[PDB]
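Participant:
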Amino acid sequence: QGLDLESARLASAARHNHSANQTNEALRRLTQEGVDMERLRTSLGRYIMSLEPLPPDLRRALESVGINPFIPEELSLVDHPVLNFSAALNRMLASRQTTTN
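Sequential numbering of the sequence shown, starting at 220, is according to the entry's author numbering.
#1: Straight-line CA distance for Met311 to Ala227?
#2: For a quick check, are the C-beta atoms of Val284 and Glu257 less than 9 Å apart?
#3: Would you kindly report the start and end of the unbroken alpha helix (DSSP H) that includes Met256?
#4: Would you check if the distance between the CB atom of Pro300 and the CB atom of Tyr266 is smaller than 9 Å?
#5: Whole angstroms are fine: how far does the CA of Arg234 sit from the CA of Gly221?
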């Protein structure tokens with residue numbers, strides 16, 4: 220006896236695991252995956268604004284790390300995890316090259 224396996228497995232199904240590591244992890248993973256940092260920064264910045272969306276390449280890459288690109292406009296693209304992703308992205312590349320004028 221001891222059939223209480225539902226209660227045990229749902230707690231493990233939920234789990235606690237997340238960090239700002241996942242942001243920098245996504246950046247470096249997409250780099251190793253075959254997505255260029257600059258092209259990523261373009262398609263991502265476009266997604267933030269009223270512009271052309273990111274390709275299913277950028278989509279599959281992000282979703283494979285666990286960061287969903289396509290958030291509905293009920294969040295108004297504010298509450299989405301893709302902001303913190305884009306933040307670390309643009310400031311990383313800005314620090315790499317430069318921000319002149």
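Where is the CB? At the ideal position from N, CA and C, for every residue including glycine.
Facilitator: This is what the structure holds:
#1: Each residue's alpha carbon lies about 42 Å from the other.
#2: No, the Cβ-Cβ distance between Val284 and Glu257 is not below 9 Å.
#3: Unbroken alpha helix (DSSP H) run through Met256: 256 to 267.
#4: No, these two residues do not count as a Cβ contact at 9 Å.
#5: Taking the straight line joining both Cα atoms gives about 22 Å.
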